[PDB]
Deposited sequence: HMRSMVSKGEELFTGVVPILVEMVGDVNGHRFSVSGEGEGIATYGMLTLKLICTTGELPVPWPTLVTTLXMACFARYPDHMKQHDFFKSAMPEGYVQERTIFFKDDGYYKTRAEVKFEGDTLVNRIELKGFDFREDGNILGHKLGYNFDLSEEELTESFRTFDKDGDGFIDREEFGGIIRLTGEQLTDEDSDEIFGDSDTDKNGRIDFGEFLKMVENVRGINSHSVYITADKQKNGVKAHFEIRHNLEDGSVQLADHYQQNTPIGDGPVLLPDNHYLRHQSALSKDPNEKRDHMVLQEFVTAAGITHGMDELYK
């Protein structure tokens, strides 16, 4: 009913493009898949098109679409991310890795005709060649210490620890913001903290629903395509809103 809902109504094709430079190690990632807001579901296959990804794939999960979360009927007024469509929104993060480097990220999420686009620039700085990021020491998971076709999607995510990020309004920016923590596991059994600060602004001039403070609840699953030669990641995210 409200701005930009009808654009999400079925199966929306996704395009993700990313270019990155972490300590001078240059890389590109492209990818495609599908968002289904009615399920709060996202599925992607993202490929490193330049060869070996120089950071661990788990560290880019958050960077590589809150518009595909499913907002319940009582909360459709708080859906900032759909309300900004089709023109879209700039998503900006700082990510601090404890006792290591950090990422700066800037992405534009928007409709390019039918296709929902996440076009990203990533830089990162002050990493240790030998540390957990440029060392590739993180495990490959995101386990943070229609009734039918849908239940197939939910099967892959049942059991995974949920992760809740609080979304707050920023009136000055006519946007939203969030602070959260991602605790990556390592193989050795300890944790790698990734301290996320996020800012989202509309690309359009005209106004938006600035939401009451609510949470987005995620479960993410990382897998592989068994027929894919390249360095790659399959990511599925189940995202719903609550708490207001």
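Deposited-sequence segments unaccounted for in the coordinates
Absent from the structure are positions 1-5, 70, 152-206, 306-314.
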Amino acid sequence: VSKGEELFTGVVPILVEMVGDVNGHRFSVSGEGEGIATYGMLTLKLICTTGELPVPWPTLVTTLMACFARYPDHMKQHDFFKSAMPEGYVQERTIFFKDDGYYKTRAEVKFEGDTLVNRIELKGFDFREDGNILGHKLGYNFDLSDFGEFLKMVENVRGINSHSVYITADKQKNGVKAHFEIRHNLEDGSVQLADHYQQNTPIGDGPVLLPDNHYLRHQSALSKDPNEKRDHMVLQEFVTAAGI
From here on, numbers count along this sequence of modelled residues.
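What stretch has the higher average Cα B-factor here, 155-163 or 170-178?
Taking the mean C-alpha B-factor of 155-163 and of 170-178, the larger value falls to 170-178.
Stretch with the greater mean C-alpha B-factor as recorded in the entry, comparing 207-215 against 51-59:
Averaging CA B-factors over each stretch, the winner is 207-215.
From the list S145, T105, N118, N141, select the residue with the highest C-alpha B factor recorded in the entry.
Result of the comparison over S145, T105, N118, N141: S145.
Lowest, middle or highest third - CA B-factor, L7
CA B-factor rank for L7: middle third.
Relative to the other modelled residues in the chain, which third contains the C-alpha temperature factor of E32: lowest, middle or highest?
For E32, the deposited C-alpha B-factor lands in the middle third.
Lowest, middle or highest third: which one holds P72 when the chain's residues are ordered by CA B-factor from the entry?
Top third by C-alpha B-factor.
Among the modelled residues of this chain, does the Cα B factor of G113 put it in the lowest, middle or highest third?
Middle third by C-alpha B-factor.
What third of the chain does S220 rank in for C-alpha temperature factor, lowest, middle or highest?
Bottom third by C-alpha B-factor.
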